[PDB]
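Take a look at the structure below.
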Amino acid sequence: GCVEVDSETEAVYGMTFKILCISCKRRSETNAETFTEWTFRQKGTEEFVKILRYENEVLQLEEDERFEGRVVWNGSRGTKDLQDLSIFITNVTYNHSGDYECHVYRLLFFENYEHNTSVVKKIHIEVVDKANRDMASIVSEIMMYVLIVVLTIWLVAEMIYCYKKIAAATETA
Amino acid sequence: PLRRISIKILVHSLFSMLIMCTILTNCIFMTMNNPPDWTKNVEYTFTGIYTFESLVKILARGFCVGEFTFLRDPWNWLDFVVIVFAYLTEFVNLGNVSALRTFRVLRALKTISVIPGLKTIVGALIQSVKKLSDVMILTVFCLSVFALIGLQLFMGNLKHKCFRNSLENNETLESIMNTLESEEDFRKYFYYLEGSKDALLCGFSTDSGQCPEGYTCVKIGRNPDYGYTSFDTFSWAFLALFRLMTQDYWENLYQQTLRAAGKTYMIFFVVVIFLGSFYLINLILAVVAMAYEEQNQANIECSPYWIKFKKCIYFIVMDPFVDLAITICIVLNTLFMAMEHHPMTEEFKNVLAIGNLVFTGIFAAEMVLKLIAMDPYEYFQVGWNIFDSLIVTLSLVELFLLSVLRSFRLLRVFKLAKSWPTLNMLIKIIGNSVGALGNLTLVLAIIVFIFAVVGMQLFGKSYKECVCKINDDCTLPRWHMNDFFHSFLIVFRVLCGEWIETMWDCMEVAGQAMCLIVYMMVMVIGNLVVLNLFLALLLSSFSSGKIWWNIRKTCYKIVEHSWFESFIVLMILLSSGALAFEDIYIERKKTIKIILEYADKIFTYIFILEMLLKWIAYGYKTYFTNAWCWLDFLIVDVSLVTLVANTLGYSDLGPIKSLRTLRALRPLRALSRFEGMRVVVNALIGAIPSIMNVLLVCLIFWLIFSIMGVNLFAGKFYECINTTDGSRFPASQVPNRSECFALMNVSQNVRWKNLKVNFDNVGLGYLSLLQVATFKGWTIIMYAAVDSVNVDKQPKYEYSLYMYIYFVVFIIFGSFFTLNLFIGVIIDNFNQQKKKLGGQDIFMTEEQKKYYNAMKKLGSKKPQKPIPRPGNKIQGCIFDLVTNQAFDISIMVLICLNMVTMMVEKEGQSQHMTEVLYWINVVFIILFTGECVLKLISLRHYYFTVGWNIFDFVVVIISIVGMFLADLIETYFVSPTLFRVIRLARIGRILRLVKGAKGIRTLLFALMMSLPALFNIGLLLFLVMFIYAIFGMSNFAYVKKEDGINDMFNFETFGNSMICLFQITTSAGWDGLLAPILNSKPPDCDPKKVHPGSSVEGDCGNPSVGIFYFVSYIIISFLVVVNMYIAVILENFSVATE
Amino acid sequence: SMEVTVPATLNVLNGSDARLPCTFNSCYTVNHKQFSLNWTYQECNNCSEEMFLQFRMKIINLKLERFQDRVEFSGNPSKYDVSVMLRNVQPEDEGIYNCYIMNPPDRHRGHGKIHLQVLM
Ligand SMILES: C/C(O)=N/c1cccc(/N=c2/ncnc(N3CCC(OCc4ccc(OC(F)(F)F)cc4)CC3)[nH]2)c1C
Ligand SMILES: *[C@@H]1O[C@H](CO)[C@@H](O[C@@H]2O[C@H](CO)[C@@H](O)[C@H](O)[C@H]2NC(C)=O)[C@H](O)[C@H]1NC(C)=O
Ligand SMILES: *[C@@H]1O[C@H](CO)[C@@H](O[C@@H]2O[C@H](CO)[C@@H](O)[C@H](O)[C@H]2NC(C)=O)[C@H](O)[C@H]1NC(C)=O
Ligand SMILES: *[C@@H]1O[C@H](CO)[C@@H](O)[C@H](O)[C@H]1NC(C)=O
Ligand SMILES: *[C@@H]1O[C@H](CO)[C@@H](O)[C@H](O)[C@H]1NC(C)=O
Ligand SMILES: *[C@@H]1O[C@H](CO)[C@@H](O)[C@H](O)[C@H]1NC(C)=O
Ligand SMILES: *[C@@H]1O[C@H](CO)[C@@H](O)[C@H](O)[C@H]1NC(C)=O
Ligand SMILES: *[C@@H]1O[C@H](CO)[C@@H](O)[C@H](O)[C@H]1NC(C)=O
């Protein structure tokens, strides 16, 4: 089934980056109808500029040249119930640094009832030049090696301890 | 004078035979449901011969005495009631026409008196129920206690409905509820999940859920299933929990209660099933078997040219070798008929035909040869010779002459019984059924007939009066009591434990009082009495320098150190738990994802170090001559393979990705460590050879049944379902595939689809027979078989309708007999093992064994020193008033009244009733604390020396603290769930009831004694469930959701997988769970989906691994159910005798 | 026939109120659009029937001149009740009163017949 996963908040210059915005329904059997709208503010700016809106299946992009020609849809295909509004940036720049907002205008469908809900996903990314491996991964690898080392040290310690003990017991006769 | 002719015609074989034939003709006539007009005078002749028998016997016996010697035996009260009711219904009678017509049904119980022996065997039945008394008392006690638990926990929860949010015309919930009554109007305001008659339940907890976007959960309307599935009142809770105890459709109550109240009530259902349902079913079995076996053992203790031809042929038949020759011919003919299926090339078809005719020519030649060799009289002398004669005749009737014609070749296979000793045992028991306990099978047939015709006479008019309650097409349902055949089908389906789905319909159409009466009588007398006698009967019948050496020494010391062993146990637990977290929600929690990916390398390294240490410490000989070490070595090698693959890179390639899913077998390293699981594995390993023998016998039994079923139902399950609604086309238009395809290219939404568990080949036939014999999924196959017409023909509703007897025969033999045979042989093997092992139990470790011995040590024969009376005389009179039996029984009656005032609660009670019940409860609590505190004032130094006294103290304490905590909740906080779970504390006051009820305290002690072996079996079952749940989360996550798999129940996470697996442990709903897996190959699927939030593609599962997974799990669960069954039987025997 | 039960003969004093009580019983639950009830009067056995009250989505009182405004509905049909009340009965009210009930989905139509006699 669907799963809402948070986007990655660290792009890298001159590369590609897919901004995740996944907003699934409370019941997947429902025949919803969704389109999306993206608003973006750069770093150190008081605004929220609409950049690209994906309607039923057409993706038309705004007049913003900060994204003109370097962004493509990376979400659900040919469904009309999108449930996955993920945008892909090709050739990430320094101006792709700020808070994005993912508008999800999900109009559901029932027997004689048509709900109109809206969930907003806000994603903040900061572009760098070199991909910094995350401190959780680095401490996990360091702790893996530390645990391997301390375990083998405990092993060899008890090994030589018992060994010379039983050698003193062996040469008792 | 004519008194002599009366007695001399009374005592007479042909007289008894004519009355027997007359009442069998009566039983033939009682199944008409609408007898013709010419039958009134023949019913008069029936009444006349009955009254003639009656006056004959009264002339013989009484002679104007008052029918003393004729009514001193009650078996003639039956006859007298029959004749008087017949006379009063013949003359003027009241308007209850059907309710008085049905009274003539004891003309069928007259058979019990007419036929000899049946009197004695119904005497045995009524002697068995007299011992079933106490087990039924305890059954209703536990059912009511768990009904109170379920009441306090889910009162009204099944009313939760996802109600709209945007209400028009200033309407509100009440204003629309008192307005709408049609189900389409209900649908316009609630959710109503696309087809179900009842509105979907929702929940306020985060896990239960999940009301869709625009709907808010609120409890308004009627409970599901017409209002009968509910916990609102104590009556409906007792009905739903009897439903749980007999495991009748309990899977749907499971799903509904979890969806409404939360997924964390799987705890309630686990406790209810694995104590109430299992323990009580097997306690009924234990007591029935005990009474049966005790009464059973108390019972026991060209003439020359012709003779030259004869000599030549009798010499060339060469007895010791032509036997094996035609035996291998029989086996190849079996396996040659078994390769017939609906999708067939004409080459395979004519190959089968020529092979079959060649084999039957061989058979005929050999049989006639030896017949005229050894003297047709001497030939017909023998049963196997006459059987082969019959078989060759039924074969040659296919010389130049429909599949029932050919499908009587199948029973050749029994010819193997002369060489097969296990098949000899099976032949023995199958013939014994029609022989020695032909009486019991006849009593069962008579009871089923009587209940069929009673149910018909009562309810078949209402069913037709308007089905429009239980149907929207206003036609009869599948299981209706309108005809005798269908009444019998319902009684059969209630003998199998499936009473509730038909009881709902019958209640709706014809009154809850009569329907509960009839169905409860059917259910009890069949299942809990007679169909238990058969299994108890099978059970009883099967009863009867050299630095290297010091290096190895220190390595051995370190390896077998208890510290090292516990360290490896802890690491096994950690490495197995590290598998619960890798589900579809693992693209989130990336920190724990990376932590686990590195912990898996750490675990690989630790276990490789342990393997190398065990090598250096034991030697390759001692290592590779140990199955546990072999299993650990195999798992460690697979771990090292996947580790070096993922480390060297270039590794996401096919086979190694599949090897990665074998990480699910990592928990298997816990068997070697936990001796609780190890002893149950040893018991199963000891029992597996006899299992294999009887399993081959039953596989070839089912192969006979499956080849018959394939000949009957090859390709006759294809129907034109209309994909939107799921409704078979009306068969007036589109009567066949050639019209279905014209429909499919003139319209877009019709799909000529099979059933995916059918009799299309022998493998699918084995699967369908597994479903029919488990009773979980059998109904779709039964419906499609009885609708079948031909191969490429649209089915017609009950066009056959008599393949129901194929299924009835298959149940009664292949399912009923063979599963009871499994049980019998497995109990015999477990008892062989229990005797081989010095007379010790075989499911408990030795620490557990001494625990269990010191536990049963409480079965004291000695009355303990009561207590020393105090010298202070006022405390002494308090002492005697406390100790007297009057005081004891007064406390017992007060406890019963507390139980009653808990029962009286219900959903939607008024505030005045709620508060008066509050005050009755508080005064109950006050008087309970008063009695406990004054007996404490009496026995200050000696009270707490008794378990029941300390339990009384504990329950009064927990009740007072629960009610004061409800007060403090009111004052301080808000928590309804915690409020209810704290209110649950007052049930201890009623659980105090078993203090004085000895006939149930004994069985409670039996269950307590069985608890250790049950804990070992539960350890093993939980490890098997863990392995299967990890396999599920890996494979069956992302399957399409259908039947058993939905949002609440699926293998997407560990919680969902373990709840599905606990549902399957009782075999419940395994067909529904397997049905979404079994589909691939669109339009059953989309093999390249996206699944937003994960890289996985496609939303179906591999049918091979799906069938293997589910069949193997239900079989392993069956074997561990047998294990727990043996635990229950053994400990019941122990507590009874000791 | 439909389970329609009414007092075959109803004897009422001139000037008193006469409740004409009839019981209609059929399976299912009554539907307002679905449930229809008709009452007719005849001066005599062979006499033409005059409809005086109907239920069609609600009670319709036809206000026949022969009854003035003395007819009232007196029954809750959801209860299978369709009784009528004739206030201050007059001698000319003597005759035959027919209740016809057609209830969907029930195909059958119930019929009750009361002979009203006016005392003196
Ligand atoms: C035939 C039968 O039901 N004899 C009785 C009768 C009465 C009590 C009784 N004891 C019981 N105790 C506790 N729970 C239960 N139930 C739950 C399990 C049900 O079995 C499902 C099954 C699955 C796989 C199998 O193996 C496979 F796959 F078919 F080969 C065979 C069976 C039976 C009812 N029964 C037994 C065993
Ligand atoms: C399969 O069933 C659906 C409804 O369950 C049918 O759809 C209906 O079609 C008729 C004629 O086109 C429409 O007037 C209805 O409004 C439809 N109902 C719904 C609920 O959509 C469909 O026609 C059926 N299939 C075929 C081949 O007849
Ligand atoms: C399958 O069912 C169809 C539907 O009745 C049968 O109809 C045949 O073909 C057309 C249908 O448009 C009819 O006008 C013919 O009269 C039918 N044939 C005969 C011999 O009656 C058809 O016969 C059935 N069997 C098939 C197609 O094998
Ligand atoms: C995102 O776009 C790239 C090309 O721009 C494509 O290769 C990739 O498959 C897309 N991602 C998804 C999830 O479809
Ligand atoms: C990005 O675009 C710049 C020019 O705008 C170009 O020099 C560079 O090579 C591009 N890099 C990628 C990865 O597309
Ligand atoms: C990025 O933004 C800066 C100002 O913040 C602007 O000078 C520059 O032209 C922008 N880049 C592009 C490609 O337009
Ligand atoms: C309601 O639906 C309309 C289109 O039907 C859409 O423009 C609007 O954004 C929706 N509003 C909300 C709050 O979903
Ligand atoms: C339906 O008929 C058309 C021509 O009439 C044919 O081309 C097509 O293959 C048919 N479809 C099916 C499913 O038989």
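By the numbers in Swiss-Prot, the shown part of chain A spans 20-192.
Including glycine, each Cβ sits where the backbone N, Cα and C put it.
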Ask   = Based on what Swiss-Prot records, which one of A:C121, A:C181 is disulphide-bonded to A:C40?
value = A:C121
Task = May I ask you to report the DSSP-based helix, strand or coil state of A:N110 (N-linked glycosylation site)?
result = coil
Query = Which residues does A:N135 (N-linked glycosylation site) neighbour through Cβ under 8 Å, counting only same-chain ones at least six apart?
reply = A:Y124, A:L126, A:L127
Query = To the nearest whole angstrom, what is the C-alpha distance linking A:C40 (disulfide bond) and A:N93 (N-linked glycosylation site)?
reply = 10
Key: Near chain B - the recorded positions A:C21, A:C43, A:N110, filtered by Cβ distance under 8 Å   = A:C21, A:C43
Query = How many Å separate the Cα atoms of A:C121 (disulfide bond) and A:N114 (N-linked glycosylation site)?
reply = 18
Request  = Would you count the other C-beta atoms found within 10 angstroms of the C-beta of A:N110 (N-linked glycosylation site) for me?
outcome  = 13
Request  = List nothing but the one residue from A:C40, A:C43, A:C121 whose Cβ has the fewest other Cβ atoms within 10 Å; the candidates are the disulfide-bonded residues.
outcome  = A:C43
Task = Please report the DSSP secondary structure of A:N135 (N-linked glycosylation site), reduced to three states.
result = strand
Ask   = Near A:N114 (N-linked glycosylation site), which residues of its own chain have a C-beta under 8 A away, given they sit six or more steps off in sequence?
value = A:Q61, A:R85
Query = DSSP three-state call for A:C21 (disulfide bond): helix, strand or coil?
reply = coil
Key: Candidates A:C21, A:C43, A:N93 (recorded positions) - the one closest to A:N110 (N-linked glycosylation site) by CA   = A:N93
Inquiry  = For a Cβ distance below 6 Å to any atom of ligand 6, name the recorded positions from A:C21, A:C43, A:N93, A:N114 that qualify, or say none.
reply    = A:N114
